[PDB]
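One structure is given below, encoded as structure tokens.
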Amino acid sequence: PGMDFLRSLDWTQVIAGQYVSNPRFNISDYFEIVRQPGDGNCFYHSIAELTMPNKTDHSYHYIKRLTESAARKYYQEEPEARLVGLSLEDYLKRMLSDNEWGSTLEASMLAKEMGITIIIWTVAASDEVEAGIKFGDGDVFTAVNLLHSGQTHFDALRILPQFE
Amino acid sequence: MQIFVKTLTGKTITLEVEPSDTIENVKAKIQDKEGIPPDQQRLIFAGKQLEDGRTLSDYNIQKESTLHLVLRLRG
């Protein structure tokens with residue numbers, strides 16, 4: 001019934017392969033937070049934490065290269081890339097630079113590139129969930145879950161065992 | 001006229017608009033009512049992310065139409 005809650009999240013597909021949800025709850029009541037470094041790379045650390053065996057501070061480098069590949073394949077079709085306003089080539093140079101922030105754009109492409117579902121949970125300073133944005137058709141159990149906090153930071157999330 | 005915007009947090013708001021207002025104009029209205037910065041806004045209607053330079057009429061957004069607001073999240 002705990003996992004029934006999560007399994008019963010209400011996802012509205014607003015654009016192909018992109019869903020929004022508005023549940024209300026404390027992130028920490030359902031997920032374990034796995035804090036990531038406070039450098040400019042936390043988005044990639046967070047993905048690394050959840051996708052790579054024996055993750056470390058340098059693992060993110062591999063996800064940044066996955067992002068490059070995904071971009072060459074998807075960037076020019078990504079609706080959100082229209083907010084970036086960069087040629088594919090300029091974007092690649094910028095994205096690849098050290099300590100460059102990640103975002104919902106990289107999430108959308110990585111989901112496609114990696115064949116997985118990625119969910120970004122955005123929270124108030126109180127760690128209450130304002131919204132989830134989902135890239136991919138998967139559900140929360142199969143997804144890579146990220147926590148977006150302070151409007152500027154990503155950490156990794158794992159579902160708590162009792163709900164797994 | 002009036003249209004509705006459902007924000008990312010699920011809140012439905014109303015906006016005072018004309019059919020000749022540009023999507024960019026609309027985003028600016030939303031910044032004025034709800035404080036959300038235009039740079040973060042992705043307005044969506046009938047499965048399409050709306051383009052800033054176009055008007056509501058260009059998309060056949062009629063009275064009491066409901067747009068969806070998704071946000072660009074960096075970090």
Side-chain angles (χ1 to χ4, degrees), chain A residues 11-16 18-24 40 42-43 75 78-86 90-91 94-95 100-108 119-135 146-154, chain B:
Chain A
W11 295 103
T12 314
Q13 191 169 188
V14 307
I15 221 183
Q18 294 188 9
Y19 310 70
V20 179
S21 191
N22 293 115
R24 259 166 291 188
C42 58
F43 173 82
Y75 181 81
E78 285 298 341
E80 184 174 331
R82 301 173 200 161
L83 269 71
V84 172
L86 285 175
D90 280 14
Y91 163 85
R94 176 92 53 84
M95 181 272 292
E100 183 62 2
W101 288 11
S103 67
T104 28
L105 179 57
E106 292 69 20
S108 194
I119 302 182
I120 301 186
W121 296 104
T122 191
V123 300
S126 73
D127 285 27
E128 291 174 69
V129 169
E130 293 164 349
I133 312 178
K134 187 168 70 74
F135 306 93
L146 303 189
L147 174 66
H148 182 243
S149 78
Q151 287 302 122
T152 73
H153 185 95
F154 292 94
Chain B
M1 60 176 197
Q2 277 189 338
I3 64 171
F4 301 107
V5 176
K6 184 176 177 180
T7 74
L8 178 60
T9 75
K11 176 181 186 182
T12 295
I13 67 166
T14 63
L15 290 179
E16 215 62 34
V17 305
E18 316 288 5
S20 69
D21 284 337
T22 56
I23 293 317
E24 196 158 54
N25 283 325
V26 169
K27 296 185 175 184
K29 301 277 194 49
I30 295 167
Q31 179 185 27
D32 283 332
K33 186 170 205 165
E34 299 295 305
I36 309 166
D39 48 272
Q40 284 182 36
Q41 301 180 35
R42 308 170 53 203
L43 284 176
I44 295 171
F45 184 71
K48 286 155 48 178
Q49 176 175 307
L50 312 182
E51 176 71 29
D52 285 15
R54 279 183 237 182
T55 54
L56 295 169
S57 58
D58 292 329
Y59 284 104
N60 276 322
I61 289 155
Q62 308 298 338
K63 177 158 201 54
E64 288 183 331
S65 290
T66 296
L67 278 50
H68 286 247
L69 185 53
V70 179
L71 294 182
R72 166 154 166 83
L73 302 181
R74 303 191 73 210

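Any value given below was found using the heavy atoms of this structure, including those in side chains, with hydrogens, waters and symmetry copies removed. Order of the sequence lines fixes the chain letters, A, B, ..., with proteins taken first and strands second; residue numbering starts at 1 for each chain.
A:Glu78 and A:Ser108 share a donor-acceptor pair across their side chains, judged by distance under 3.5 Å alone. One side chain, A:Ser103 or A:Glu106, offers a donor N or O that lies under 3.5 Å from an acceptor on the other. With hydrogens and angles left out, the side-chain atoms of B:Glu64 and B:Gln2 include no donor and acceptor closer than 3.5 Å.
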Inset, instruction - Show the numbers, then the answer: is there a side chain to side chain contact (heavy atoms under 4.5 Å, CB included) between B:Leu43 and B:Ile30? - result: CA-CA 10 Å; B:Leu43 284 176; B:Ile30 295 167; 3.9 Å; yes
Inset, instruction - Please report the C-alpha distance between B:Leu56 and B:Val17 in whole Å, then the side-chain angles of each, then the deciding distance to 0.1 Å, and finally whether the side chain to side chain contact (heavy atoms under 4.5 Å, CB included) criterion is met. - result: CA-CA 9 Å; B:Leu56 295 169; B:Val17 305; 3.6 Å; yes
Legend entry - Test log, rule side chain to side chain contact (heavy atoms under 4.5 Å, CB included), inputs A:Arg94 and A:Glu100: CA-CA 7 Å; A:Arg94 176 92 53 84; A:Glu100 183 62 2; 3.6 Å; yes
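At a threshold of 4.5 Å between non-hydrogen side-chain atoms, the residues B:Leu67 and B:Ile3 count as touching. At a threshold of 4.5 Å between non-hydrogen side-chain atoms, the residues B:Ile36 and B:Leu69 count as touching. The shortest distance between side-chain heavy atoms of A:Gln151 and A:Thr122 falls below 4.5 Å. Inter-residue side-chain proximity for B:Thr12 and B:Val5 is flagged as unmet; no heavy-atom pair is nearer than 4.5 Å. Annotation: side chain of A:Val129 is not in contact with side chain of A:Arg24 (no heavy-atom distance under 4.5 Å).
The NE2 atom of B:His68 lies 14.0 Å from the CD atom of B:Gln49; values are rounded to the nearest 0.5 Å. Taking CG of A:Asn22 as the start and OG1 of A:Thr12 as the end, the distance is 7.5 Å to the nearest 0.5 Å. Once rounded to the nearest 0.5 Å, the distance linking CZ of A:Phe135 with CG of A:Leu146 reads 10.0 Å. In this structure, A:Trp121 CH2 and A:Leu147 CG are separated by 10.5 Å, a value rounded to the nearest 0.5 Å.
For A:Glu128, there are no salt bridge (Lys or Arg N to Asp or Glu O under 4.0 Å) partners, not counting sequence neighbours. For A:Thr152, there are no side-chain hydrogen bond (donor to acceptor under 3.5 Å, both in side chains) partners, not counting sequence neighbours. Take A:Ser21 and apply the side-chain hydrogen bond (donor to acceptor under 3.5 Å, both in side chains) test, not counting sequence neighbours, and it matches no residue. Checked against ring pair (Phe, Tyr, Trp, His ring centres under 6.0 Å), A:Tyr91 has the following partners two or more places apart in sequence or in another chain: A:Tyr75.
Considering every non-hydrogen atom in both A:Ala131 and B:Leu8, the closest pair reads CB-O, 3.4 Å. In terms of heavy atoms, B:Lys33 sits closest to B:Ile13 at CD-CD1, 4.3 Å. The minimum heavy-atom distance linking B:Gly75 with A:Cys42 is given by the pair C-SG, 4.0 Å. Contact between A:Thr104 and B:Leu71 at its shortest, heavy atoms only, is OG1-O, 4.1 Å.
Counting only residues at least two apart or on different chains, the salt bridge (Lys or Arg N to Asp or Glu O under 4.0 Å) pairs with a member in residues 34-48 of chain B are A:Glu80-B:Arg42, B:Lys11-B:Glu34.
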Donor-acceptor contacts, no H, no angles, side chain residues 18-28 of chain B, under 3.5 Å, sequence neighbours left out:
from	atom 1	to	atom 2	distance (Å)
B:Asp21	OD2	B:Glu18	N	2.8
B:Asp21	OD2	B:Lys29	NZ	3.3
B:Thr22	OG1	B:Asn25	N	3.2
B:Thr22	OG1	B:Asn25	ND2	2.8
B:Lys27	NZ	B:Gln41	O	3.0
B:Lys27	NZ	B:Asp52	OD1	3.0

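Using the six-membered ring where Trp is involved, A:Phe154 and A:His148 have ring planes that are tilted, between 30° and 60° apart.
For an aromatic pair to be called close, the ring centres must be under 6.0 Å apart, and B:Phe45 with B:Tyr59 fails this.
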